[PDB]
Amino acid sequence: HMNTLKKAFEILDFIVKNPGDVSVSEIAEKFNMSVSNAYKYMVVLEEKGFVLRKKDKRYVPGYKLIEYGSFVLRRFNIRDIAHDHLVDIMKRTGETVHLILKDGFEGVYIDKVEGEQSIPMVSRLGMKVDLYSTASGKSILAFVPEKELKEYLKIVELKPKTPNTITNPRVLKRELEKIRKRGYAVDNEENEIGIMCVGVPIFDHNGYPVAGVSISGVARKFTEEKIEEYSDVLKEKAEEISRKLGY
């Protein structure tokens, strides 16, 4: 029965993703329960700061979650070591910049600087990224010790998200080497259609690929020269950041 816990986290997950607000009455009707017991969950969520109650007694998300996110981001020294180089990359390219943290066979958005114009990409901090269909991703898969690598191609599926999503490990391997060659990667609409990217890795103590920095924007912009320009500023900050990581 103790999995009441589940119910709690379902109600909360709902208020966070809910556009606007919600009344005690509405949550009850939502999760088959009396207004009385809804108050059981809502009063604790409110007291803990996960939710804010309006003068009209309707509910809105609180600040707690915001504080929690910062605490977790606060655990990645790289974030503070890079943030400004990212803001600079955005001011010198005008393009959105991403920084993905390497976590196993997945990546996580740990920082993002929006560009001058909105781009048809759905990314946000905390979100996860496929290390194969993305530039900063392959850029990372192009330096993981061969051993670890070999296993990735062995485990991770390659469900093609777009007609350009590489689904063959022999091509992906060669692809990765090309990246080792140039020293960066390119996402020719392999992750999201309409969007292309350029990425470079970030090494740590023992030169392991612990991060990925990339420039993202609409396909139109990424020309041969543009690419050369982006990967240029990218590698420049990469090297500087990597240094801080004791490399």
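We number the residues from 1 along the sequence you see.
Student: Pick between 118-126 and 136-144: the one whose mean CA B-factor in the entry is higher.
Tutor: Averaged over C-alpha atoms, the B-factors run higher in 136-144.
Student: Which is higher on mean Cα B factor in this entry, 47-55 or 24-32?
Tutor: Going by the record's values, the stretch with the higher mean is 24-32.
Student: In the PDB entry, which of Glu106, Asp111, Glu175, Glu95 has its C-alpha at the highest B-factor?
Tutor: Highest C-alpha B-factor among the listed options: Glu175.
Student: Split into thirds by Cα B-factor across the chain's modelled residues, where does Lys181 land: lowest, middle or highest?
Tutor: Top third by C-alpha B-factor.
Student: Which third of the chain does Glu67 land in by C-alpha B-factor: lowest, middle or highest?
Tutor: Lowest third, going by the recorded CA B-factors of the chain.
Student: When the deposited Cα B-factors of this chain's modelled residues are ordered and cut into thirds, is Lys91 in the lowest, the middle or the highest one?
Tutor: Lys91: CA B-factor falls in the middle third of its chain.
Student: Sorting the chain's CA B-factors, does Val200 end up in the lowest, middle or highest third?
Tutor: Tercile = highest for this residue's CA B-factor.
Student: Taking only the Cα B-factors deposited for this chain, tell me whether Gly194 sits in the lowest, middle or highest third.
Tutor: Middle third.
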